[PDB]
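As C-alpha cells, one chain now follows by itself in the form deposited in one PDB entry.
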C-alpha cells in the first residue's frame, strides 16, 4: 500500500466510529484535493490492534475495482496512524436505504445490486471469500455506486449460509447466500432479515425449507434470484458471475422488472 504524508491529509469532521478509532471525513492532497474517509488508530492501540488495523488496509490494497472501496493509502510512520479511502457520501447502504425509504426506482435498486454483485465477482475471482457480506458493509456514494467495504481479519448467523454455520465451510457460494440476504435488504429498503426472530428459529426455518418472504413490490426476477441464492445445496446457487449477468439482462430490458412476485 501507499504510505502518505500527514501533511497531505486533513481531517475535518467525525462521521463514525470503528473497531480501532473514530472515522472522519477529510481531504487528501495527492496538485488537486479530493474528499476521503479517514480511519484513525486510537493512541494507545496495542500491537495486536496495530497489526489488525494496518492489515485491513493491506488486504484492501490488493484490490482494484469500481465496486470495491479504494485505498488511497496508509499513515503508519507518524501518529494517529490512518487508513485513507475514497469518500462515500451516502455512507453505509442499509442505513442510507432506511433514510430514503421508497425513494428509489426499482432500476436504481437493481443497479445497486449489480454494483455489489460485480465487486463480489471480482473478490471471488481473486479467491477472496468475504464471509461477512451484508448491506451495512457496503458503502454508497453521491452517484449511488455501491462498493464492498469491510475487509478485515462478529459475523451474524442470519446473513450466513447453513453449511458455513454447521460445518464452518465458508466459500464464495457462502457469500452468494449472503448476497441474497443483501438483495432482500435492498429491496425492503433496509429491513432486518428475519426481523426479531432468534438465531434458533432462523435456522429451524431455513433447514425446514422456509425463506424470507418477498419484499413489497419486488420484481419476480429479483425475488426468484434471491431464492436461487438461498438453495440449501451451494453447488446449485448461482456464482457471482451468473448474478451479474442476470442483473444486467434485467437492467438492459427494464420491463422485465414490471412483473412482481406474489404472496
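Numbering follows the first chain given and starts at 1. Note that the rigid core is defined as the largest set of C-alphas that superpose within 1.5 Å between two forms.
Only in words, not in the display: the form deposited in another entry, which the text now covers.
(request) Might you check 70, 234, 42, 211 and identify the only one whose CA position changes by 2 Å or more between the shown form and the other one on rigid-core superposition? (result) Result of the superposition: 42 is the only one at 2 Å or more.
(request) Align on the rigid core first; then say whether the Cα of residue 253 has moved by at least 2 Å between the shown form and the other one. (result) Superposed on the core, residue 253 moves its C-alpha less than 2 Å between the shown form and the other one.
(request) Return yes or no for residue 81: a CA shift of at least 2 Å between the shown form and the other one, with the rigid core superposed? (result) For residue 81, whose C-alpha is compared between the shown form and the other one after core superposition, the shift is 2 Å or more.
(request) Please say whether, between the shown form and the other one, the C-alpha of residue 221 moves by 2 Å or more once the core is aligned. (result) Not so; residue 221 is displaced by less than 2 Å.
(request) Using the form shown as baseline, tell whether residue 146 and residue 20 are closer or farther in Cα-Cα distance in that other deposited form, where the change reaches 3 Å or more. (result) Compared with this form, residue 146 and residue 20 lie farther apart in that other deposited form.
(request) Could you tell me whether residue 127 and residue 49 have their C-alpha atoms closer or farther apart in that other deposited form than in the shown form, knowing the shift is 3 angstroms or more? (result) Closer in that other deposited form, by 3 Å or more.
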